[PDB]
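For reference, the structure is listed below as structure tokens.
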Amino acid sequence: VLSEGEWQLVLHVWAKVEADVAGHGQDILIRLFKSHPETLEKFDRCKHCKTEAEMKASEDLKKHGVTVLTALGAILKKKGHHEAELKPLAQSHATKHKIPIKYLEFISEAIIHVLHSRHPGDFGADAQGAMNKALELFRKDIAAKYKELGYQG
Ligand code: HEM
């Protein structure tokens, strides 16, 4: 459980993300792919991609950064009451994309990195701890759903 004040810190910095969803999504995926190249293997079309400018010019990759942040933003705005939003996400990522929980840890790290880089004034220790708690809860719940679907994380 997060406190109401913790959720408000989460949603405060998320409003900043929403001013430029696509640019934040780009930075988060590029950070993910740099820090953890193996994850890039999960995206058929930019498997070949090599440079940051290639990732930044890529139309696909920008659309997926938006897809991620749109879904996650709706989950965060549910303040933990996200079972209905996690059901389809767990379904696809456990049975079709096969995304282990450690890759969700990786992307949570990249999200926190980008939010700190871009909004330090809105992402001090209080707010970083809140966001970390919120992404931890997301990963915990989706992991339980993975197991329900027969996928061991
Ligand atoms: C906060 C974490 C994430 C969220 C909210 C998220 C959300 C989404 C959504 C909404 C879609 C499109 C609908 C669907 O297929 O379910 C999608 C597709 C996809 N996701 Fe995720 N995702 C996350 C993490 C990841 C990670 C860490 C990876 C790989 C390392 C990944 C790989 C994929 C792939 C390969 C697709 C299909 C892309 C395509 O075929 O165009 N996702 N994701």
Side-chain angles (χ1 to χ4, degrees), residues 1-43 46 52 55-56 60-149 151-153:
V1 296
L2 282 65
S3 71
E4 176 56 22
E6 282 181 326
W7 286 119
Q8 289 178 21
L9 288 176
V10 172
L11 291 185
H12 177 69
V13 70
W14 207 263
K16 299 291 179 68
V17 173
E18 295 195 336
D20 181 15
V21 182
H24 283 81
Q26 275 177 312
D27 284 1
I28 288 166
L29 290 182
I30 291 169
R31 178 58 180 194
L32 176 65
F33 295 152
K34 182 174 73 175
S35 292
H36 305 280
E38 64 270 31
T39 61
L40 189 52
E41 295 161 356
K42 294 302 180 177
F43 304 84
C46 184
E52 164 187 310
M55 286 162 184
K56 275 215 289 183
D60 311 342
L61 184 63
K62 188 175 181 162
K63 272 191 291 331
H64 194 67
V66 170
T67 293
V68 167
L69 294 181
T70 295
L72 181 57
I75 287 160
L76 295 177
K77 286 175 196 177
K78 284 304 218 194
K79 305 160 36 182
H81 294 97
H82 61 275
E83 186 190 343
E85 292 76 18
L86 280 70
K87 183 181 178 73
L89 194 63
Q91 291 192 351
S92 67
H93 285 62
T95 70
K96 169 175 187 178
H97 314 307
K98 309 182 154 273
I99 311 303
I101 294 300
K102 74 179 148 183
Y103 284 15
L104 301 183
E105 282 177 336
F106 292 163
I107 202 172
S108 299
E109 293 159 10
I111 289 165
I112 289 171
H113 173 79
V114 172
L115 294 190
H116 178 90
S117 171
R118 282 199 184 215
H119 313 293
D122 293 290
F123 207 61
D126 56 351
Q128 202 169 319
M131 186 53 76
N132 180 61
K133 277 186 202 188
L135 299 177
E136 264 171 19
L137 177 61
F138 160 77
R139 293 191 305 275
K140 173 171 150 42
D141 288 351
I142 208 164
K145 295 222 208 193
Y146 290 181
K147 283 185 189 58
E148 283 196 353
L149 293 167
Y151 179 64
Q152 296 296 331

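Computed over heavy atoms, backbone and side chain alike; hydrogens, waters and symmetry mates excluded. Numbers here are sequence positions counted from 1.
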May I ask you to test the [X]-[Y] pair for a side-chain heavy-atom distance under 4.5 Å?
{"X": "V17", "Y": "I111", "answer": "no"}
{"X": "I142", "Y": "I101", "answer": "yes"}
{"X": "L40", "Y": "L32", "answer": "no"}
{"X": "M55", "Y": "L29", "answer": "no"}
{"X": "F106", "Y": "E38", "answer": "yes"}
{"X": "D60", "Y": "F43", "answer": "no"}
{"X": "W14", "Y": "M131", "answer": "yes"}
{"X": "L11", "Y": "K79", "answer": "yes"}

query: Is it the case that more than 12 heavy atoms not belonging to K63 sit under 6.0 Å from its NZ atom?
result: yes

message: How about NZ on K87, more than 12 heavy atoms from neighbouring residues, nucleotides or ligands closer than 6.0 Å, or not?
response: no

Identify the heavy atoms of [X] and [Y] that sit nearest to each other, and give their distance.
{"X": "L149", "Y": "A94", "result": "CD1-CB, 4.0 Å"}
{"X": "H81", "Y": "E85", "result": "O-OE1, 3.8 Å"}
{"X": "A130", "Y": "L9", "result": "CB-CB, 4.2 Å"}
{"X": "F123", "Y": "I112", "result": "CE2-O, 3.6 Å"}
{"X": "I75", "Y": "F138", "result": "CD1-CE1, 3.9 Å"}
{"X": "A84", "Y": "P88", "result": "O-CD, 3.1 Å"}

- request: On the 0 to 90° scale, with breaks at 30° and 60°, tag the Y146-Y151 ring pair as parallel, tilted or perpendicular.
  value: perpendicular

Ring geometry between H119 and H24 (parallel below 30°, tilted from 30 to 60°, perpendicular above 60°): parallel

Return the [atom1] to [atom2] distance between [X] and [Y], rounded to the nearest 0.5 Å.
{"X": "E136", "Y": "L104", "atom1": "CD", "atom2": "CG", "value": "13.0 Å"}
{"X": "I99", "Y": "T39", "atom1": "CD1", "atom2": "OG1", "value": "9.0 Å"}
{"X": "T70", "Y": "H64", "atom1": "OG1", "atom2": "NE2", "value": "10.5 Å"}
{"X": "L137", "Y": "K133", "atom1": "CG", "atom2": "NZ", "value": "11.0 Å"}
{"X": "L135", "Y": "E105", "atom1": "CG", "atom2": "CD", "value": "11.0 Å"}
{"X": "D126", "Y": "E6", "atom1": "CG", "atom2": "CD", "value": "9.5 Å"}

message: I'd like to know if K77 and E18 make a salt bridge, using a cut-off of under 4.0 Å between side-chain N and carboxylate O.
response: yes

Any donor-acceptor pair under 3.5 Å from [X] side chain to [Y] backbone:
{"X": "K42", "Y": "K98", "answer": "yes"}
{"X": "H82", "Y": "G80", "answer": "yes"}
{"X": "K145", "Y": "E83", "answer": "yes"}
{"X": "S92", "Y": "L89", "answer": "yes"}
{"X": "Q26", "Y": "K62", "answer": "no"}
{"X": "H113", "Y": "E109", "answer": "no"}

task: Verify the distance criterion only: is there a donor paired with an acceptor across the side chains of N132 and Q128 at less than 3.5 Å?
output: no

